[PDB]
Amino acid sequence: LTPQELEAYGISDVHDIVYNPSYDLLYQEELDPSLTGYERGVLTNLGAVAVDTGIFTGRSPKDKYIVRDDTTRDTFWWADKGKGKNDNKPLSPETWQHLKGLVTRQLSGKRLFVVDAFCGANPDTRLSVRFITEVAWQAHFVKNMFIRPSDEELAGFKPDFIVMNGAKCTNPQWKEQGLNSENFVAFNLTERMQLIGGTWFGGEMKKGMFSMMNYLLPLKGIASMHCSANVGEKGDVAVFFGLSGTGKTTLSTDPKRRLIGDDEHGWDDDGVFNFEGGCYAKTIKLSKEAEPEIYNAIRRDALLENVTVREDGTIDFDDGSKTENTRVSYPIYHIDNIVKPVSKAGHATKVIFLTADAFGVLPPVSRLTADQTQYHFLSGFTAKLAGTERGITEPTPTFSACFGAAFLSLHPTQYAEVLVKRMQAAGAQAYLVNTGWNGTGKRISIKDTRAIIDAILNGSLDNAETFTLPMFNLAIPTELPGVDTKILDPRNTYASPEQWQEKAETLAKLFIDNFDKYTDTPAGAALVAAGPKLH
């Protein structure tokens, strides 16, 4: 790649270009002792480099902006146009040029790392993305998280999107421009470019492209899903929707299943496919005994983010002092139990919605009807966990449409429409699984949740006998192998069962009020009957 080729993007005076850096090169660069500040890396006992990101320990949804122009005006789900809140705040073309100037100036006159990669496992729908950074570890992050092209694919590489990471710069004019802060994560779908200013959080470099796939794929009838995905020995695929920290990484690395992916998937005529080339796993409280596949992926070429490293070089995975949202990224082949040669398989037969219910009202597991599936997908009731977005310090209940509202570029109903079409063609059954808390105020045990997933995936619940929870009208299995029957009814863990009724009424009303905005069509109005009902 030529300096002039990067001059097309507005960068000037490019010194040297480190194109498609190898893992060996990134390792040496990351340990260079001349690095300062948030560029510095340290080597841990496990052989993986660890970095820190300052206060930027989670995403910055309040600094997310999309240029409103002829490409996006009539197609985007805008933060200032709908009944439903979202983070897609409109940006003017003039202000975009100002932000782009800040970033290109910052990346000018410097040695730059350039990573070309794919978002999307399938050539017919993938984005070719060119990432530009001045920091080796940020280049390493995107080499891990996106799909690494072959040499032949590189020779003919034509980028569809450019991502420029200018974490080291900020926008001093932000107040007068009506922006939220001196930081920015900005998208222009006409120039096909993402800018990062101020924030060093690794996730910003992957969830931008997820948002772009969430724009392009549902318009072509392909579902675009915030879920993990795995497959059984017989080719049966399951997808697990949820926010990070609510169980989708942990439940998807099941030893009885083979991993398709961690976080971002599409569903087309052939099946369920991963967008990513790696996994960005939460490491708080990680242990070798509890998560052996993930723990073993932490070795050279993994990249640890905000973990506490002792003076002797060992990692204290239990220490959330910099943040609870500690992370590691690794290329997906650091897990042996994965689908190869491409991260994809056939249609999903099981759809699992993970809800971290902080009210302790919902059952550990419920088998949803078809209408309840749409109702609960649009609702997206769960919790934001500490650190996942800046400013979140404790589990925060939320209605996150499609279990991923922060990444939606289209209206929630457009994701629901495609998901339902694909589920119906497959005969897929959906389940609502509470990975949050119960009446004891304690978190539901991962041992119980894994046993529940086992029972879902082997088909044993599809026709099992059930009872119905009042108010929510959720069908609960009467018994489940490997789990204390008494915990299946969320009422039993209450010292006084009337307290369940009270909290359930409260949560039922939150659901009804949240769902009202989806009832402006006959189809949406008809789903109210599948939601919770007050007496």
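The first residue of the shown sequence is 1; numbering continues from there.
Peer 1: Look over 172-180 and 347-355 in the entry and identify the one with the greater average Cα temperature factor.
Peer 2: Result of the comparison: 172-180.
Peer 1: Looking at the entry, does 510-518 or 7-15 show the higher mean C-alpha B-factor?
Peer 2: Per the PDB record, 7-15.
Peer 1: Whose CA atom has the top B-factor in the entry, of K110, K143, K85, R300?
Peer 2: By C-alpha B-factor in the record, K110 ranks first.
Peer 1: If you check the C-alpha B-factor for each of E276, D160, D236, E204 in the entry, which is highest?
Peer 2: Highest C-alpha B-factor among the listed options: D160.
Peer 1: Could you look up the Cα B-factor of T57 in the entry and say which third of the chain it sits in: lowest, middle or highest?
Peer 2: Within its chain, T57 is a middle-third residue by C-alpha B-factor, going by the deposited values.
Peer 1: Ranking the modelled residues of this chain by C-alpha B-factor as given in the entry, is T398 in the lowest, middle or highest third?
Peer 2: Tercile = lowest for this residue's CA B-factor.
Peer 1: For the chain shown, is the CA B-factor of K442 in the lowest, middle or highest third of its modelled residues?
Peer 2: As the PDB entry reports it, the C-alpha B-factor of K442 lands in the highest third of its chain.
Peer 1: Grab the CA temperature factor for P123 from the record and place it in the lowest, middle or highest third of its chain.
Peer 2: Its C-alpha B-factor, which the entry lists for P123, ranks in the highest third among residues of this chain.
Peer 1: Would you check the entry's CA temperature factor for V51 and let me know if it's in the chain's lowest, middle or highest third?
Peer 2: It falls in the bottom third of the chain.
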